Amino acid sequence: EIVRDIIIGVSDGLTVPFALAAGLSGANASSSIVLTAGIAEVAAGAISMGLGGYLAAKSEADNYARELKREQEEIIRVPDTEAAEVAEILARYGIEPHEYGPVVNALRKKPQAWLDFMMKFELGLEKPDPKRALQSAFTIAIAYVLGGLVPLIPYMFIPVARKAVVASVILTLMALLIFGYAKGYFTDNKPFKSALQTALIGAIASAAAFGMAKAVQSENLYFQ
């Protein structure tokens, strides 16, 4: 999870901060203009995922605990109505009633397990950790910033943008092929494929941002 949040968050700040930066460079914009947009974009990105992460986590933490309660109240007020819904669960998996019948009886004495299974199928069996909800957001905001920084560094040292964009194109394509392989070392296999696929989303968007940076600048003589 946190390994995914810090790598899935890096691959967003590596692509869009690069794509805009290259697009701005392509439309003959000054390094300084490429930074002001890019840093405005990185920070505006990190806040949006930072709070978006802790608005979904803090909403699902509340919702699944609230959904935990609503199903217990259905298990309590009308015990057979809740029994039938998970009798259906037992039934659903080709389990013939004369054996699962006694199961409900032991379940009616001990709440947790019977509940937990109906719960598993209602709330997805995902009772979450409250602290790791916050840790998900801070880790995704940080990794997203650190990935936006990578395409931007050269424009900080090189004030001709069409000079910097060549250093930026190689640095981040190196970074996309490194952090593409790392997103394949974990989770799904074939890390050389993931490397090339993150490099290719880079290219597609950096080229679209270039197509569109130029198209809006299309009547101006200099970048205005």
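Numbering starts at 1 and runs along the sequence shown.
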**Request:** Using the B-factors recorded in the PDB entry, average over the C-alpha atoms of 112-120 and of 137-145, then report which stretch comes out higher.
**Result:** 112-120
**Asked** For the C-alpha atoms alone, is the average B factor greater in 150-158 or in 121-129, going by the entry?
**Response** 121-129
**Asked** Which is it among 68, 170, 56, 182: the one with the largest CA B-factor in the entry?
**Response** 68
**Asked** Against its chain's modelled residues, does residue 30's Cα B factor rank lowest, middle or highest third?
**Response** lowest
**Prompt:** Among the modelled residues of its chain, does the C-alpha B-factor of residue 187 lie in the lowest, middle or highest third?
**Reply:** highest
**Asked** Lowest, middle or highest third of the chain for the C-alpha temperature factor of residue 63?
**Response** highest
